[PDB]
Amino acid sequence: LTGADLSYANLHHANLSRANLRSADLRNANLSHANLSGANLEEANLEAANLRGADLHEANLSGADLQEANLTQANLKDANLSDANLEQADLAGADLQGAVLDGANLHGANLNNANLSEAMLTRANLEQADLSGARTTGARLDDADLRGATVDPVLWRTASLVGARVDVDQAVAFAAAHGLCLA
């Protein structure tokens, strides 16, 4: 429950659906394949936590710290990650369909093959992030910072990017993605 010290806790496959874990300390906790659907994890500390395969759909992770956390293949559908810190987190193959990541810090995060369909990434920082293979149908990246991130040409044609900050290289890739030849 709230504010609990659960650092390094063994909680893999645990049923924690709709649990109230606001401000909980879950650093280095093992939560892989845990059911955390609809859980309240507001301002929880999940630094370096293992959430591989975890069910987090409709969870509230507002203001949580998930830096270096493992979210590979996690279900984050319709989750709230407003102002969440996800620096160098691993979201490879995670499902973030309809998730809200407004203001999130995804500096150096791995989003390889992540589903970002209809995800709100407005004002998010994505510097040095890897978006190879990510699906960005209906994704919103307005005012996001993309500098130094790895991105497929298809992102330039699918995500809204008004105000998004990019490299010169990315600006050129954006152009080529829309059909212009630099040949």
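The first residue of the shown sequence is 1; numbering continues from there.
K.L.:
On average, are the C-alpha B-factors higher in 48 to 56 or in 150 to 158?
P.N.:
Looking at the recorded C-alpha B-factors, 150 to 158 comes out higher on average.
K.L.:
Considering only modelled residues of the same chain, in which third does the CA B-factor of residue 136 rank: lowest, middle or highest?
P.N.:
According to the entry, residue 136 has a C-alpha B-factor in the chain's highest third.
K.L.:
Based on the deposited C-alpha B factors for this chain, I'd like to know if residue 68 is in the lowest, middle or highest third.
P.N.:
Lowest third - that is where residue 68 ends up once the chain's C-alpha B-factors are sorted.
K.L.:
What third of the chain, by the recorded C-alpha B-factor, contains residue 143?
P.N.:
Residue 143: CA B-factor falls in the highest third of its chain.
K.L.:
Of the three thirds of its chain by CA temperature factor, lowest, middle or highest, which one includes residue 127?
P.N.:
Residue 127: CA B-factor falls in the middle third of its chain.
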